[PDB]
*Asks:* 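Pasting in a structure now, in structure tokens, and then I'll have a few things to ask.
Any value given below was found using the heavy atoms of this structure, including those in side chains, with hydrogens, waters and symmetry copies removed. Per chain, numbering begins at 1; letters A, B, ... match sequence-line order.
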Amino acid sequence: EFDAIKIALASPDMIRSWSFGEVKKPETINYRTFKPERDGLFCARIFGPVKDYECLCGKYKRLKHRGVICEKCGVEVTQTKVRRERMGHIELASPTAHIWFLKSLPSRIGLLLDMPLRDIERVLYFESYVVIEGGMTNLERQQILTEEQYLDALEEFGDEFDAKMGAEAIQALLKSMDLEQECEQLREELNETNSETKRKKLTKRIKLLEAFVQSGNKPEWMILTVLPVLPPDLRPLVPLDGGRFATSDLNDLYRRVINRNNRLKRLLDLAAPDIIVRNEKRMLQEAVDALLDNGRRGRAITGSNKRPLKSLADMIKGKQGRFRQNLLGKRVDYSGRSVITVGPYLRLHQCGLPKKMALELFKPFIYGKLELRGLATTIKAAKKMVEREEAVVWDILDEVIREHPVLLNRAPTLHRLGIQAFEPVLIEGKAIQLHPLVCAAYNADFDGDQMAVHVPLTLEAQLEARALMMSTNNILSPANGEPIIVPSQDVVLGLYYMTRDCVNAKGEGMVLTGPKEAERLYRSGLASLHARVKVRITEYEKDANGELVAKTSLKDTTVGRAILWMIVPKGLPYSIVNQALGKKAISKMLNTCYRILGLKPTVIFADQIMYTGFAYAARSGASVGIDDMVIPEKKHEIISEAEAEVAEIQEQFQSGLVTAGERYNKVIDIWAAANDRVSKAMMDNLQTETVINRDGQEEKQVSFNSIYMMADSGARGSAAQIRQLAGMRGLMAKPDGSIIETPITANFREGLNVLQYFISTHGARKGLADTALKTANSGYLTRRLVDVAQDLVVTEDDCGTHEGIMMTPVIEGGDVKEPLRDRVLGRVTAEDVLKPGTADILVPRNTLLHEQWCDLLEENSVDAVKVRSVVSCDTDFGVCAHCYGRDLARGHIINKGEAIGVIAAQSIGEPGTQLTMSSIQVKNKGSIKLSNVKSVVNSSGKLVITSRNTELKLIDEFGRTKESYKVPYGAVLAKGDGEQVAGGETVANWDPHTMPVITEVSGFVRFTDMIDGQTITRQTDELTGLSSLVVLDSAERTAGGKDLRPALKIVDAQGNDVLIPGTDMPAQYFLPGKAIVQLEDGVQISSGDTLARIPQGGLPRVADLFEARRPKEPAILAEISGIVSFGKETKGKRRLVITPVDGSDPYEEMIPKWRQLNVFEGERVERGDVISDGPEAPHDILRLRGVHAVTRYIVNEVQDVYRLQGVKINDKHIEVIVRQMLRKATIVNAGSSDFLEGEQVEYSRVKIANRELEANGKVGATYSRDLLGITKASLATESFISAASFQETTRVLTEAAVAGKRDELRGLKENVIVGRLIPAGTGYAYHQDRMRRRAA
Amino acid sequence: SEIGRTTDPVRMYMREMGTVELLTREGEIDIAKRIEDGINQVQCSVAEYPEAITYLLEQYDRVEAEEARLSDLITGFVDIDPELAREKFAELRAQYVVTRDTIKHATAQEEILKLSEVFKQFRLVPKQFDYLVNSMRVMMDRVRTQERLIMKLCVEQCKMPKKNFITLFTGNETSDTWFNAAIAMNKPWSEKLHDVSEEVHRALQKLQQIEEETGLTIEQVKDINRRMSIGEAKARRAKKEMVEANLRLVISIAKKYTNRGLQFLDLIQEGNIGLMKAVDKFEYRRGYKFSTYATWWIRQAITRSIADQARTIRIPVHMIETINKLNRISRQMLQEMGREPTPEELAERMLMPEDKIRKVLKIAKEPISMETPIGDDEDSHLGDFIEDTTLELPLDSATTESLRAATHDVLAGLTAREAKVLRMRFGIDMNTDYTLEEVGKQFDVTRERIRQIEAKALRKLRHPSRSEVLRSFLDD
RNA sequence: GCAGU
Ligand SMILES: [Mg+2]
Ligand SMILES: [Zn+2]
Ligand SMILES: [Zn+2]
């Protein structure tokens, strides 16, 4: 039908070609008879007939004569629907500037004319003249003039030159200009300009001019001489039933425009003075500019409610514009909604649908089945039968819903499991019955939640509901590969109570012939569910060939685990139920069953688990009383001891020994110690209070307390709440965050008094307000991520690349936070993984690392696997199915057509509402190993690191690292490199509060330009015994030694200048200001000791990481690898220079010296080493260290936020967003290509252009990748429909219009806007057919 | 200065407007006398064109027959009484007598400015003078189109700066005797003008025809045209000073109409139109101050503008006056009896029928905006509760297609002749229905026979054999 | 606007 959407500027000829007549009069309709008035805003002659096939005089009334232009009134005889399609126009008496191309910055009229917007707004508001042609005169072409200056120019030059004002002048300037000549002239004066700011202005102006000359646009079309009129059925004037009318604001704005325009034509005919016609032209300009964009220039026009009128631009932009409110989401037929209730009798694929909802949702299905089966002779008869609700329409309704799925949806749909399909079971209620196991997927509790039901009509929609979205296909999560159809509070508590053991329980010690006899004993009341017993268990294991081999053994079990074994499918072991099953043990049971046996046994197992958990929780009688919350009898004495302790700290404050700051801190710590004591005493009382008798001897076991059974199951609650029920609830914070020094010494079993309760409300309402105000932030982050990543589809099977990230375990300091297993599970390897014993490949090159392969990776001790990632995929316009890896929801390699960007964006932004708003001591045994090493030995026997970024890992006896610390520069290391340690001992120590400069090699003092009094101030003090010296500040020096930097260097007592071993450049120590030296001239210090000392999260953090924003004071990274030196000083910025000897040396930086610099002038640096310290900026990481480096940085810094809240998200989903962020490139060398230096091109475009150039021998362009934020990358797509739909519709539409852009509907949003199949999923085959048959 | 500091067009208007100083009582007199001198000298300039004299005198004899009234012929005479006009137009007739033949061309050049300064004492009305000046603009268009024919009939043929050809043209006015020295340059322009030297023929004489039907030479009537332009621009210059000085009066009046439906600037622009009307309709000989006249005209213009273009569904000015009288009367009644008056007492304080008051009260409402939020709820509006009533229910679309199918089958159960008679007589399967005569010409059968055929098929289909499915298409 | 999730 159509394959692209071209946007451009509208010529006045184009505006007159759309229109079906000119609107000459502001008349909307006639007031007596509501027929629309001639030549008006609603004109039946212009805009078409107001009734179907009927002219407005009624002379022609039937479609016998259609398409007939009546002669009594000029109304065509055709459908009235043409009033939604037929535009009109207004001939403006004065040219009027378009407000979008004048005011949306940067001004296109301003950028095109090389004219400031203040000058243009003064010319077109009739406040100044402008010389549209100079001639043989000193007046140039952009020279504005005042009124009297224009009079003086007319005195001196007469009627030779041409000068005008208003938008006629701007239109003459846009019309008279030559575009190709000025473009080539700007290219000339850009080749000869080296000022980077002028080069930026020139290149943006050149791209504007060349975008005009490549498209069909002319500049003067930005000045409206004809104005279009929207069809009157889109700005309707409709009579409300109460006699009153209801109009759109567009009729008021159009009527204002036509009134001012007809008055301007009047004044131009009357030959009015220039003051009046200038004021009228200004009013017409502001009325047209209020029609197009109200409020963009100055004060918004407000009509008759003192509320601003909604202009044309407001119809299409914003959260209430067409793009977001009617085109990306829309109200939908065949849709109902009701409250959800449990229905625990259901199977995983069933919902309960009310009969009175399903009779309305499926009305045409019932009409057609009543017509078909002969039960109704007509559709009117069938309608009456459904309306009366006969007994036969219920049989028909049972027929029409039989295998017909419905989609159930709980808004907010945070992720794709917020819409799942179900087969309806007709129930008689009015509430939907939602299966329990899917509630966690919807985040749905039955406390009033409502859910919408949608009916898939077509066979394709029914088959997607059944194949793609049905809740039996959805038992794994797409964020992490873990089960999401998972048992929960009542189920977990039932299975925990059944699978526990009691010591002397009824029926202990007998021997059973199997699980069926155990169930017989329990139901007969001959044995309790916890009696430790001996059951003959037959279990099957999948053999290596793939079938199930049996084994029969007497298992020491309890009666309840024997009973639960009856529902476990065959290929699972007995160790899977022979334990007290908490929430995680049940989730592991389900995950094991899914990996071992598959989906079809797992859904049966999940339903059976739910039924048996509900059943044996019902039989449990598990109840919360008030005696379940046992307060420890040590609470009162622990609290009295803490009160006595704070009283002694209070008398120590009254006696002045401690300041109120340390007093406050010590009172807080001796209240938190008491809180931890009370919590430990409470839990020690609560977990094991069951002491019971085995053959007379008392014996303690795990408590059967209900509060503890719920907490220990993981059914509901944690010890953080049990501590507030039965312990104390401790220190509460003020509204600002400073914790109050006296705690709530009460719990909820006892009362909180009035003051304790008020103090607790302080933090309660803060939590509630953050919850109510961060959903509007996490939803906005999710929206930005979706609109950056939507178009990423898996489009290939393999790109054949060999790149990939080196996955390693996440070791934050001393402990691991994510192993290699959950980091490489599901990836494909990028290179052959080989054993630590080399030359035998452990895992082959291109292998998908499923759970067996990961078990192989942890049998051996491989700790770094190079895997393939989407940031390194060679596929252009998409991602190969190998560089993604596994589809986490299914568990196999991902299919071609999966829309992985929307999955990644939902998986990241779904947990958003769970977010908020010195010496090293090796912990366990291992062999230390330091990297980035430059090392010497000290005078005493330490190991001294003369290197900045040396990092100390603990290589264990297997090769894998278990802790990773950062040892600073100059820190003395007690051990060597490769020496075993003891668990808990210290390896490295240093000075935390000051930075030492350490001796390179043993030698003698030379004070080179260390001038006393000019660069050195001598200080004296008694308790040191030896006088000290300070090298002077910048603001304390006299003229002198700041220009010649004072240096301390190495010599011998020989008089020979002993220097670094290996080089002969002069060794120095250039001591900066704010330093300390307590050493005199000629002192002897050996290598390895100091010579001088120098003193020194949440949801917004994720949002800032993805917007790629530069931090406040970023770390200054070394650009290129060279040696450090210094230039000019004291202009506020010391001048660093980094010189590589092996090339073009000078690279100079302008570091402001109020930053504490982190490198000395002697050592060599590399790209990325921090010259100064601070939070790294990701642009610098991408620029200097590479793409994989900023990828690793962003995924680590995002998972750091997500792992504090205990949120598992696979790294694929952050790597997708990172790939979509670094999607542009800048040309540094244009090469033999059609790009310009310094322009931002799509990276895939320049990559394939370089490929097709290198194919023909010509060398391609070279580029530098860019890191844009998710907003700046969403708005910079090559598709203007997606960008205009996202946000900033006005800027995107003006850029796209003046660029003459084209949008090929390639992503997902442009195909949702126009109502097509999306190019992902079941619409991917359709688009492959469409682009392989519309290409040849 | 303040140029470029504001965006409000009201402030720019007041800025550009305050830079004109007001007038004293005697300043308006001076400006009005400048206007009057410009207009009566331009009326003397069209009096230099004696076809206007012929028109004046023939409508003067029609005044002797009273074709139209004298007030819109003449406003009086300066140094209505009709006996001045008759005999002193006879005096102008005797003046036309003494100028018609006293040319025997150096002695005729005094009687023409004597005509002008004896025409001095004449006053003329706007509309018949508008007829005269449209005739004069026809004269102007003819003069300029003939001189531009002379301009670009030769220069589309030649390349030469045409001042050499204008130097010989001015004064000849009768023939091509000025073309005898055109070729003497012998630079190729007058060579190419060879090929034009003929086709100017019926041009160059025909203007010279009417030249002496109006009596005066083409060059000196071009002088009359430029003197007319000078005098008229002199009048229009002084009409500009009087408008630009009284622009504060328009604002002082229009500030009283501010929130009555129009913007402030719309009111002051319509009042400016009214002020220009007052200026070109003002005469100072009545001795009244100009502001008292311009106030009437500005009030008229502003209230007429509010009556015409302040409403979405425009109501006429008579219904606007009716609604204003109604609101005033109900205002006074509420003030005297402390409650809103019923239409059956509002109709008796006025003297209109009660149903007229009811329809007037039904009329006076302004349309709601569809962006009005409901209950201060911003995400909703009035616009998304309004349904499209003109649509057809898809159950009714299915009913229509099912009725088409059922009718098609139960007419397929007939003879093709009579079934086509029914499909042809109604509009079934056809764009139009046909009356019996049409199909009588078509079926080669007389009218009442095929009428009986239609009745035959209708009686046939009324049976409960076939009409059991069709009856369910009838309502209950 | 006011509530519900
Ligand atoms: Mg809820
Ligand atoms: Zn008609
Ligand atoms: Zn790839």
*Asks:* Rounded to whole Å, please give me the gap between CE in A/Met451 and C1' in C/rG4.
*Replies:*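 Roughly 16 Å, once rounded to whole Å.
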*Asks:* Across the strands shown, which category fits B/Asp377 at heavy-atom distances under 4.0 angstrom: base, sugar-phosphate, nothing?
*Replies:*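 Since a base atom lies under 4.0 Å of B/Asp377, the category is base.
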*Asks:* Could you state the atom-to-atom distance from CZ of A/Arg410 to P of C/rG4 in whole Å?
*Replies:*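 Rounded to the whole Å, the gap is 15 Å.
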*Asks:* Atom CZ of A/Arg337 to atom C1' of C/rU5: distance rounded to whole Å?
*Replies:*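 In whole Å, C/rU5 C1' lies 8 Å from A/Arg337 CZ.
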*Asks:* Between A/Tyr1202 and A/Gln914, is there a side-chain donor-acceptor contact under 3.5 Å, judged purely by atom types and distance?
*Replies:*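 Side-chain D/A pair, A/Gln914 to A/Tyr1202: absent.
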*Asks:* State, without any angle test, whether B/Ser380 and B/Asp384 hold a side-chain donor-acceptor pair at a distance under 3.5 Å.
*Replies:*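 Result is no, nothing qualifies.
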*Asks:* Round to a whole Å and report the spacing from CD1 of A/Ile432 to P of C/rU5.
*Replies:*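 Distance, rounded to whole Å: 17 Å.
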*Asks:* Compile the donor-acceptor pairs under 3.5 Å between side chains in residues 331-341 of chain A and protein atoms, sequence neighbours left out, one pair per line.
*Replies:*
| from | atom 1 | to | atom 2 | distance (Å) |
| --- | --- | --- | --- | --- |
| A/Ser335 | OG | A/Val332 | O | 2.4 |
| A/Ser338 | OG | A/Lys430 | O | 2.4 |
| A/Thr341 | OG1 | A/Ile432 | O | 3.3 |

*Asks:* To the nearest Å, how far apart are A/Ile340 CD1 and C/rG4 P?
*Replies:*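 Interatomic distance, CD1 of A/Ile340 to P of C/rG4: 17 Å.
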*Asks:* When the distance from CG of A/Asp447 to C1' of C/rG4 is rounded to whole Å, what number comes out?
*Replies:*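 So the CG-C1' distance, A/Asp447 to C/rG4, works out to 10 Å.
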*Asks:* Expressed in angstrom and rounded to an integer, what is the separation of B/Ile374 atom CD1 from C/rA3 atom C1'?
*Replies:*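 About 18 Å, once rounded to whole Å.
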*Asks:* I'd like a table of donor-acceptor pairs (distance under 3.5 Å, sequence neighbours excluded) in which one partner is a side-chain atom from residues 476-484 of chain A, with atom names and distances.
*Replies:*
| from | atom 1 | to | atom 2 | distance (Å) |
| --- | --- | --- | --- | --- |
| A/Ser477 | OG | A/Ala479 | N | 3.2 |
| A/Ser477 | OG | A/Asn480 | OD1 | 3.4 |
| A/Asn480 | ND2 | A/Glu482 | OE1 | 3.2 |
| A/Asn480 | ND2 | A/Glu482 | OE2 | 3.4 |

*Asks:* Grab the CG-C1' distance between B/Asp376 and C/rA3 for me, whole Å please.
*Replies:*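 One finds 15 Å between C1' of C/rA3 and CG of B/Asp376, rounded.
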